[PDB]
Amino acid sequence: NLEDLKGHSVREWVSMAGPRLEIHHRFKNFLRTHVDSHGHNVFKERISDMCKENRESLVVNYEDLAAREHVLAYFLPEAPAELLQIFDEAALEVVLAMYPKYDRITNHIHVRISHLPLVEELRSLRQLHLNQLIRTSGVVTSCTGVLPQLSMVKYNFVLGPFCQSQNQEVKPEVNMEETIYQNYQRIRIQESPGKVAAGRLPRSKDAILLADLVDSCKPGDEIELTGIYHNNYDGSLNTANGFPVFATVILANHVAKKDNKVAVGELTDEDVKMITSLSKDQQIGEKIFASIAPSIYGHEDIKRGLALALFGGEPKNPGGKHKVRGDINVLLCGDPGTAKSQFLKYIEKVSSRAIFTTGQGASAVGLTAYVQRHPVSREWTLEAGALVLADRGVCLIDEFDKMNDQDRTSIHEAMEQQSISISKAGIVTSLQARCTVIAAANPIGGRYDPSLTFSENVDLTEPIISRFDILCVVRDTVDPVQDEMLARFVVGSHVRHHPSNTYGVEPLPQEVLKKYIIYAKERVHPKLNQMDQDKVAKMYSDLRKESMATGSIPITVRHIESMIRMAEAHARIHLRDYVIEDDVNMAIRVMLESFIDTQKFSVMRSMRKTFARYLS
Amino acid sequence: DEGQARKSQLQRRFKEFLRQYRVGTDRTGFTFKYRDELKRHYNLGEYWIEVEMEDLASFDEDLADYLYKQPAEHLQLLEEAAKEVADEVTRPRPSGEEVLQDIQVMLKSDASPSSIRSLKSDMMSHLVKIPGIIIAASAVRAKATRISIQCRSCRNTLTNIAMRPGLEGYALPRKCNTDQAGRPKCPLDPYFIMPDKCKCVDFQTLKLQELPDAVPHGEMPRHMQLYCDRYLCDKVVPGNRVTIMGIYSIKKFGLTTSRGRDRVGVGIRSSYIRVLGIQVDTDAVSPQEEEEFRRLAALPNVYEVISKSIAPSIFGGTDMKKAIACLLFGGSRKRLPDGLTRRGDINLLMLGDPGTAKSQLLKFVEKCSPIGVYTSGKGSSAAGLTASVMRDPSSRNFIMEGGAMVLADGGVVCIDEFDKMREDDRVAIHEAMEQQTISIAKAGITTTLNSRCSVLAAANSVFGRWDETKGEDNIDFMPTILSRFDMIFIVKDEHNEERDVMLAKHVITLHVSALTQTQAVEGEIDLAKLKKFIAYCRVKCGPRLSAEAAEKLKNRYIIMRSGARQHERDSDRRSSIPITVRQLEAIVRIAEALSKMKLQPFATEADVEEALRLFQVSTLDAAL
Amino acid sequence: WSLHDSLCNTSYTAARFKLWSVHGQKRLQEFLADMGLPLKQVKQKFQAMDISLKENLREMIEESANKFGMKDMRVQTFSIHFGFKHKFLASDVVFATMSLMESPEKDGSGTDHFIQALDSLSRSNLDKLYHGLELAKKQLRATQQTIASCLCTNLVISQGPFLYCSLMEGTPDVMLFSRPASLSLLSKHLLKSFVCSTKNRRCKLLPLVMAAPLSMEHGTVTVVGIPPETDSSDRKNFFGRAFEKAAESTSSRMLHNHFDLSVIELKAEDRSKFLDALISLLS
DNA sequence: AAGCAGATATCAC
DNA sequence: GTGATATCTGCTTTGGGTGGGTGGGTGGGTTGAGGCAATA
Ligand SMILES: Nc1ncnc2c1ncn2[C@@H]1O[C@H](COP(=O)(O)OP(=O)(O)OP(=O)(O)O)[C@@H](O)[C@H]1O
Ligand SMILES: Nc1ncnc2c1ncn2[C@@H]1O[C@H](COP(=O)(O)OP(=O)(O)O)[C@@H](O)[C@H]1O
Ligand SMILES: [K+]
Ligand SMILES: [K+]
Ligand SMILES: [Mg+2]
Ligand SMILES: [Mg+2]
Ligand SMILES: [Zn+2]
């Protein structure tokens with residue numbers, strides 16, 4: 001029996017030939033026969049996906065292995081290096097069996113473990129975890145470049161191959177041509193700021209990434225790290241401490257961004273089937289709109305605009321000399337206590353890459369990019385701010401009206417040209433910043449005055465206001481029926497979400513919505529082939545006539561391009577590869593309804609009458 | 001012996017490739033391309049050739065495969081073959097040319113490039129093709145190819161020791177070869193390098209940054225170190241976009257762990273690229289190009305053709321596109337006998353309403369200008385724009401690093417969001433805009449740099465949108481800065497039914513056309529050619545005003561001054577836009593730019609007439 | 001070209017993989033994995049690709065294609081070699097000559113485009129042949145884009161007796177297909193893709209009628225007709241006489257200028273009318 | 001030049 | 001003949017910028033100029 005150890009450690013047990021062969025056979029059988037709840041061969045699909053993409057890593061979910069091979073699951077945390085080597089060999093055998101020509105692409109398959117149940121904090125690691133497989137989490141604070149490390153060394157006659165370990169120089173000049181190398185990366189992982197007690201210095205660890213594990217994470221990332229806790233003698237540590245203390249490091253096996261994030265690649269065939277079937281539904285647009293912050297009583301315009309901003313438009317560059325952004329920026333502005341901050345928090349929770357910041361807590365350089373001073377290396381370096389870090393993501397700005405003016409003017413270039421240009425301290429460069437900006441503001445005096453226009457209510461000027469594709473006015477009006485409905489919804493929300501436990505359509509589950517969004521943003525690129533140019537052109541002229549007469553908001557060419565983005569975003573919501581007439585009509589309605597809301601109360605009736613033909 | 005035989009056979013094959021390769025057909029003719037190029041370059045005194053990998057593959061596929069997989073040894077063999085062939089093509093040689101020179105063989109290919117991010121360990125010691133941007137270049141230093149060593153005690157010398165190429169050192173003999181008997185033993189490490197016996201070549205080190213479009217989302221761009229030597233040295237400068245062919249290699253320093261080497265990880269090594277060939281990307285003039293440029297300059301409507309080619313995607317702005325063309329070409333810089341200089345560069349300011357394509361125009365000029373830098377006023381500082389003083393990490397001494405206006409010397413610097421710049425930062429640009437120098441007196445450094453660049457600035461008005469009632473309150477800039485701009489455009493987003501319909505149709509068609517496969521336009525010049533045409537004209541033609549054109553300009557300037565003086569008196573407020581001698585010289589520069597477009601040595605009265613019309617629409621309109 | 005680009009822009013493989021779809025790309029990836037060709041190698045230009053992969057390329061491609069339901073991957077043809085460099089297959093020369101003749105660069109007239117094509121066939125004008133190869137690459141990409149736009153939007157609608165597809169002026173590349181020869185070739189490629197990618201069995205046995213704008217001044221439209229696409233088709237076309245009989249019965253304004261009788265010029269307003277007659281004539 | 005690590009020949013018992 | 005024990009030989013040291021900033025500033029080096037946040 002494999003479980004029974006005849007007076008050896010687990011390492012010793014798995015080192016000898018008999019148990020080694022038994023483990024190899026068991027793991028190969030697990031790879032070949034494991035099926036899911038429906039009965040589909042999991043690893044047949046996983047290996048096919050790996051080989052189609054020409055990748056070298058096979059990910060194994062610890063729970064499945066424990067369910068099917070409990071003895072191997074028990075062994076794995078105690079003797080990780082040996083078990084992982086055996087798993088690699090068996091995986092290579094299976095892969096070559098399925099794809100006999102794959103040996104040309106790679107000669108090694110890495111088995112990587114996910115969902116390890118033994119989670120530990122950076123602060124909690126003790127000597128009893130040494131040489132064990134552990135799972136921890138934190139913030140990446142420092143990251144090297146990808147470096148070449150000796151793997152199989154040859155010396156100059158030419159000496160025989162020599163293996164290289166992570167802890168000492170090998171003992172036989174090196175022959176560069178005949179030597180074998182590996183990718184090497186060192187990261188520093190730190191306690192997340194939200195988990196360290198206030199006023200306390202955070203703890204940190206070092207981690208080593210090898211081979212195809214490199215570039216799995218970037219500084220500033222929230223990561224879950226599974227690896228081997230390893231110690232090695234260090235003389236200068238001993239000198240420093242006066243005691244024989246050993247240096248520690250994590251030999252990384254699996255790196256994930258695990259704050260509720262699923263990548264397009266991780267989507268399975270059944271997931272895509274469900275997404276496509278959903279997109280076939282006739283009311284899918286309404287269902288997606290209803291999925292935006294379901295615990296808020298209806299603010300249906302805000303939810304629609306936020307859904308459009310989440311899905312996004314299509315960037316274009318006709319001849320390589322005229323760049324047009326595809327992102328849709330949103331500005332919420334209205335009375336206090338109307339759930340603007342809750343909308344922003346929901347967007348932060350649902351998006352894959354989102355950064356939340358507030359009012360006076362944001363500085364100009366902190367938003368875009370800053371110049372870091374150093375005491376010893378090159379004096380000055382360039383470091384990414386919020387907009388750079390949120391590239392291809394979302395930046396949410398709360399208390400947008402309370403910002404310092406100098407700090408608010410720093411986002412103009414990023415909002416339109418989608419780049420940050422820095423000319424400081426010998427650094428002249430431009431960084432990419434393609435992010436959707438969603439801001440929330442309060443009006444002048446803390447209350448929106450219906451007798452005035454939007455421009456009169458806010459202190460923002462034309463240049464910043466024009467950069468927002470969608471403008472939403474949140475009004476808190478006293479109506480007995482609406483007040484009763486809101487009260488009955490909110491109290492029911494507090495009943496439903498006790499810790500013990502308008503569209504007329506059922507919203508999508510949040511996990512389903514997250515999969516749907518990632519698929520549409522990655523696998524759908526709607527194309528604008530045909531459009532009623534005369535209708536859009538006539539509409540634009542009418543809008544510019546009325547805007548000049550009333551002065552409620554400025555209208556620019558940017559308003560034409562916003563409509564095209566909204567039509568593209570609407571088509572993307574339906575998983576359509578070509579924008580159609582109903583997308584253009586919806587984009588027109590969204591823009592005209594927004595414009596009418598910026599008028600004074602008296603003028604609103606006339607404005608609806610002026611544009612009634614479109615709003616029909 | 002067997003290895004020697006294999007090497008000799010491979011060298012013979014390379015030699016035969018060089019001797020026999022031909023281009024042409026039996027209908028037209030044939031040319032021994034590489035032999036002829038080697039013969040002509042050697043006669044010119046240029047000891048290098050460039051070899052296409054596709055040609056070598058056509059002659060001998062195995063040779064190309066070997067050169068790709070094991071570049072070092074086979075490149076050395078190819079260079080030896082090139083030296084042999086160079087002797088045969090030029091072998092009877094004139095006096096003072098007896099000694100045969102070494103030939104550097106450059107490599108070029110038509111293959112698709114690969115990115116920095118794609119450079120993996122498995123590609124080590126292989127031939128790679130990499131695109132990027134040059135961000136830094138070192139000084140030219142000396143690298144030994146051959147050394148002679150001598151024994152301290154016995155003066156026994158070993159001569160002509162070959163050196164490895166690249167960033168690789170040499171280990172001296174541990175013990176001497178002199179006779180043990182009679183003499184006291186020679187000391188350990190007896191050998192020293194003889195300074196005058198060493199043969200050296202020029203070498204350089206470069207930093208290559210990844211292309212901006214290749215950077216993964218949310219990441220800082222990565223760079224790589226480049227090693228250049230011989231004729232590859234001093235070919236590229238910071239800002240150049242290049243594609244490099246090279247060897248992915250490792251620094252080979254001393255085997256010993258001297259100073260008790262204590263790396264954070266074990267068995268790590270430093271990578272670099274040994275450069276074998278450089279190709280500068282558009283983003284010397286061949287005679288065919290020069291003839292084509294002369295044809296363009298002679299077109300009767302060349303001015304219209306160039307204007308139509310500037311930001312063709314923008315719907316209107318014909319007068320602003322005409323002024324940008326003049327800025328791109330520039331005037332004539334002059335130095336008077338007393339030593340005082342008159343600048344030839346043209347400065348342009350666009351002040352106006354939001355969403356009027358001001359930023360799009362600046363982005364185009366950055367691509368179109370032969371030398372172009374785009375910056376933001378908000379993201380700039382006084383030291384960043386001109387030049388900075390900082391500590392050197394290696395030397396532990398103060399050094400100087402140039403800013404945007406040093407990097408843009410000889411070209412254009414586009415300053416967007418000019419109004420958001422701090423007053424202390426804006427004021428740092430006054431000297432560079434007029435005197436075209438940067439004076440520094442800091443931390444023991446007293447020097448002057450060149451900043452001969454044109455400023456193209458964009459800004460919004462004080463109240464966001466230009467308000468006709470506020471009048472002079474719309475402009476916040478001081479008179480000192482405004483007088484340094486040749487042309488000032490006040491851009492007002494005028495609402496008209498007819499123009500708005502036309503603009504909307506243009507914008508929609510532009511977005512639909514993004515799918516269309518690119519096609520040429522009969523009446524325009526593509527950006528790549530326009531960029532080369534501008535560079536050609538700036539080097540070839542510096543015009544002057546004709547005596548008749550000067551008289552016309554003098555009389556109109558006097559009228560303009562009186563009108564400006566009268567207008568200020570009537571309004572009782574000194575106008576924000578001044579009309580000074582600088583504005584007279586601005587009209588001279590614009591007239592010379594128009595002539596430079598036509599490659600005409602003298603600016604005519606028509607040139608001055610157009611220059612005065614541009615001034616009227618831009619600066620006089622603002623001032624009144 | 002690159003093997004990847006060739007696979008994506010060949011109507012045979014592009015139609016059988018349904019590369020206009022989202023699952024077609026995955027099927028292509030599966031095909032390449034079955035081959036064992038690294039993605040980076042197949043995406044590199046064929047000349048620069050490693051020679052070891054070229055040794056048995058034709059046989060391995062044939063075997064993999066056989067596994068994937070394509071039995072006609074191999075064709076009997078000819079190649080010509082001269083010099084050290086110059087090697088061409090016959091179909092490459094055909095495509096280059098066609099692209100030189102039907103070039104969309106209107107700076108030169110069609111008699112000017114004919115002269116270029118005729119010159120390219122002589123070995124003294126080799127540069128023209130290479131230029132034509134580049135133009136052919138552009139034309140193939142445009143053809144695939146147009147086919148994708150037509151198939152994704154369901155623009156191929158079956159009347160009773162025939163399928164009808166009409167190109168609109170909003171189409172991006174429509175200009176490249178205004179000339180009758182380009183339109184005919186596009187229509188044939190489109191029919192092959194449609195027959196490969198459709199579900200209805202009846203629509204697979206139908207011929208195609210395709211229209212594209214010709215002149216926006218006179219309101220004229222070019223109309224082409226092609227017979228059903230089958231593996232053993234006799235390649236015989238009945239649309240010339242059908243067109244002449246429909247126009248006569250309906251009194252439309254049609255022009256026969258092409259040397260083929262199945263290509264006609266029609267007044268756009270008459271179009272609708274014309275078609276009904278055609279329907280009644282063929283059903 | 002100064003000093004520790006390693007190698008090795010040499011006296012003594 | 002084995003166990004000290006005395007002699008001899010080779011390594012590398014120093015802080016240093018031709019030994020790097022793709023080692024790291026928790027391994028250790030004055031002075032000034034230049035970005036930040038908080039400041040007034
Ligand atoms: N006349 C025009 N023709 C074509 N596109 C235009 C025109 N005017 C504006 N646009 C487009 O509208 C958007 C205008 O943004 P842009 O940044 O160029 O404006 P700007 O005038 O610099 O504004 P701001 O002062 O607010 O920075 C861009 O997409 C630009 O391409
Ligand atoms: N329409 C609504 N439906 C449900 N809850 C609401 C609604 N409006 C406000 N709330 C609740 O009121 C609280 C305060 O809202 P808040 O996020 O501060 O809005 P704002 O930032 O606009 O003042 C939140 O906890 C939110 O749950
Ligand atoms: K140091
Ligand atoms: K050091
Ligand atoms: Mg709030
Ligand atoms: Mg702008
Ligand atoms: Zn000696």
Side-chain angles (χ1 to χ4, degrees), chain A residues 142-149 184-186 188 201 204 206 234-241 245 247 360-366 369-383 385 404 406-407 422-427, chain B residues 116 119 136 138-139 141-144 167 169 174-175 185 187-189 193 203 205 207-208 222-226 249-254 256-273 379-384 386-401 403 422 424-425 440-445:
Chain A
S142 160
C143 201
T144 67
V146 179
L147 294 157
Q149 190 191 42
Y184 174 98
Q185 199 159 51
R186 182 180 268 246
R188 184 161 286 166
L201 314 143
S204 75
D206 270 303
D234 180 22
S236 69
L237 211 62
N238 185 347
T239 298
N241 290 279
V245 283
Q360 207 108 341
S363 80
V365 298
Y370 63 98
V371 184
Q372 177 76 69
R373 202 182 185 143
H374 306 282
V376 295
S377 187
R378 194 177 184 203
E379 192 170 24
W380 309 97
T381 79
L382 190 63
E383 318 289 352
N404 292 303
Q406 83 218 79
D407 302 351
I422 302 287
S423 178
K424 295 174 179 167
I427 321 165
Chain B
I116 309 192
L119 262 173
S138 80
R141 289 180 290 165
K143 156 79 181 190
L167 297 170
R174 307 272 318 138
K175 293 179 179 179
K185 296 300 197 188
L188 277 195
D189 258 16
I193 322 186
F203 103 75
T205 285
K207 293 196 298 183
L208 187 85
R222 295 209 177 124
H223 66 274
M224 178 93 88
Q225 189 158 117
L226 309 179
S249 37
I250 292 189
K251 298 190 184 188
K252 289 164 232 159
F253 288 169
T256 27
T257 51
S258 182
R259 312 309 298 122
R261 292 310 312 111
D262 57 357
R263 287 182 163 276
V264 74
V266 76
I268 283 105
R269 294 298 180 263
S270 317
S271 66
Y272 75 104
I273 307 173
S380 295
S381 68
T386 55
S388 310
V389 185
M390 67 203 30
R391 65 196 165 182
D392 184 71
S394 181
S395 315
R396 186 35 176 63
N397 274 131
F398 295 102
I399 57 152
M400 195 91 53
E401 279 175 49
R422 284 121 92 191
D424 287 70
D425 296 337
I440 292 307
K442 279 168 177 163
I445 306 170

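Note on naming: letters A, B, ... go to the chains in the order of the sequence lines (proteins, then strands), and numbering restarts at 1 for each one.
- Taking every heavy atom of both residues into account, A:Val371 and A:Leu382 meet most closely at CG2-CD1, 4.3 Å.
- Contact annotation for B:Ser395: no contact, since no heavy-atom pair falls under 4.0 Å across all strands.
- In this structure, OG1 on B:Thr256 lies 12.0 Å from CZ on B:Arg261, to the nearest 0.5 angstrom.
- Spacing between atom CG of A:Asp234 and atom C1' of E:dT26 amounts to 11 Å, rounded to whole angstrom units.
- Rounded to an integer number of Å, the gap from CG of B:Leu167 to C1' of E:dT18 is 12 Å.
- Atom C1' of D:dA1 sits at a distance of 23 Å from the matching atom of E:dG19, rounded to the whole Å.
- As rounded to whole Å, 12 Å separates atom P of E:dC36 from atom CG of A:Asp407.
- Evaluation of atom-type donor-acceptor distances gives no pair under 3.5 Å for the side chain of B:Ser258 against the base of E:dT12.
- Separating the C1' atom of D:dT8 from that of E:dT12 is a span of 22 Å, rounded to the nearest Å.
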*Using Watson-Crick and G-U wobble pairs with both distances under 3.5 Å, what is the 5'-to-3' dot-bracket string of DNA chain E, with [ ] for crossing pairs and | for pairs outside the strand?*
||||.||||.|||...........................
_Derivation and outcome, side-chain contact (heavy atoms from CB on, under 4.5 Å), residues A:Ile422 and A:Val365_ = CA-CA 10 Å; A:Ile422 302 287; A:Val365 298; over 6 Å; no
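- Separating the NZ atom of B:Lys252 from the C1' atom of E:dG20 is a distance of 18 Å, rounded to the nearest angstrom.
- Taken from OH in A:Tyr184 to CD in A:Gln149, the straight-line distance is 6.0 Å, to the nearest 0.5 Å.
- Using a 4.0 Å heavy-atom cutoff across all strands shown, B:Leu188 reaches sugar-phosphate atoms only and no base atom.
- Distance CD1 (B:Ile268) to P (E:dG21): 17 Å, rounded to an integer number of Å.
- Computed from coordinates, the B:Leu119 CG to E:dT22 P distance equals 17 Å when rounded to whole Å.
- Adjacent nucleotides E:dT26 and E:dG27 miss the stacking criterion of ring centres closer than 5.5 angstrom and planes inclined by less than 30 degrees.
- With DNA chain E read from its 5' end, the first of the two nearest nucleotides for B:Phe203 and A:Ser377 is the one closest to B:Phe203.
- Rounded to whole Å, the separation between the P atoms of E:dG17 and E:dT31 comes to 16 Å.
- To the nearest whole angstrom, the two P atoms, one in E:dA6 and one in E:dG10, are 23 Å apart.
- Residue B:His223 is classed as a base contact, given a heavy-atom separation below 4.0 Å to a base.
- The closest side-chain heavy-atom distance from A:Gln360 to A:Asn404 is below 4.5 Å.
- If you check every strand for non-hydrogen atoms under 4.0 Å, B:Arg174 touches sugar and phosphate atoms only.
- Contact annotation: the side chain of B:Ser388 never approaches that of A:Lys424 to less than 4.5 Å [non-hydrogen atoms, C-beta and beyond].
- The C1'-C2'-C3'-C4' torsion of E:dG34 is positive. Its sugar is therefore classed as north.
- Regarding nucleotide E:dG24, the torsion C1'-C2'-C3'-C4' is greater than zero, so its sugar is described as north.
- Comparing E:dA33 with E:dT18, their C1' atoms sit 29 Å apart, to the nearest whole Å.
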*Any chance you could list the contact pattern along nucleotides 27-35 of chain E? Use B for base contacts, S for sugar-phosphate-only contacts and - for none, protein heavy atoms under 4.0 Å, 5' to 3'.*
B--SBBBBS
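- Using atom P as the reference point in both E:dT7 and E:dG1, the two lie 26 Å apart (nearest Å).
- Summarising the geometry, atom OG belonging to B:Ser270 is positioned 9.5 Å from atom CG belonging to B:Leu167; distances are rounded to the nearest 0.5 Å.
- B:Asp189 has its side chain within reach of B:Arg174: a pair of non-hydrogen atoms, C-beta onward, lies under 4.5 Å apart.
- Dashed line: the shortest gap from a side-chain N or O of A:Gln360 to OP1 or OP2 of E:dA38 is not under 4.0 Å.
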*asked:* Set out, in order, the CA-CA distance, both residues' side-chain angles and the distance that settles side-chain contact (heavy atoms from CB on, under 4.5 Å) for A:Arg373 and A:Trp380, then state yes or no.
replied: CA-CA 5 Å; A:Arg373 202 182 185 143; A:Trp380 309 97; 3.5 Å; yes
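- Taking atom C1' in both E:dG28 and E:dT14, the straight-line distance is 14 Å, to the nearest Å.
- Close to E:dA37, at under 4.0 Å from its OP1 or OP2, lies a side-chain N or O of A:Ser363.
- Contact annotation: B:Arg269 does not reach the phosphate of E:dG20 (side-chain N/O to OP1 or OP2, under 4.0 Å).
- In this structure, A:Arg378 atom CZ and E:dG25 atom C1' are separated by 18 Å, rounded to whole Å.
- Protein atom CD1 of B:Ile193 is 16 Å distant from nucleotide atom P of E:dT18, rounded to whole Å.
- Nearest heavy atom pair, residue A:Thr381 against residue A:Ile427, reads C-CD1, 4.0 Å.
- The heavy-atom pair separating B:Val389 from B:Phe398 by the smallest distance is CG1-CD2, 4.0 Å.
- Separating the CD1 atom in B:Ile273 from the CD atom in B:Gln225 is a distance of 10.5 Å, to the nearest 0.5 Å.
- Comparing A:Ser142 and B:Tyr272 by the nucleotide of DNA chain E whose heavy atom lies nearest to each, the residue mapping closer to the 5' end is B:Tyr272.
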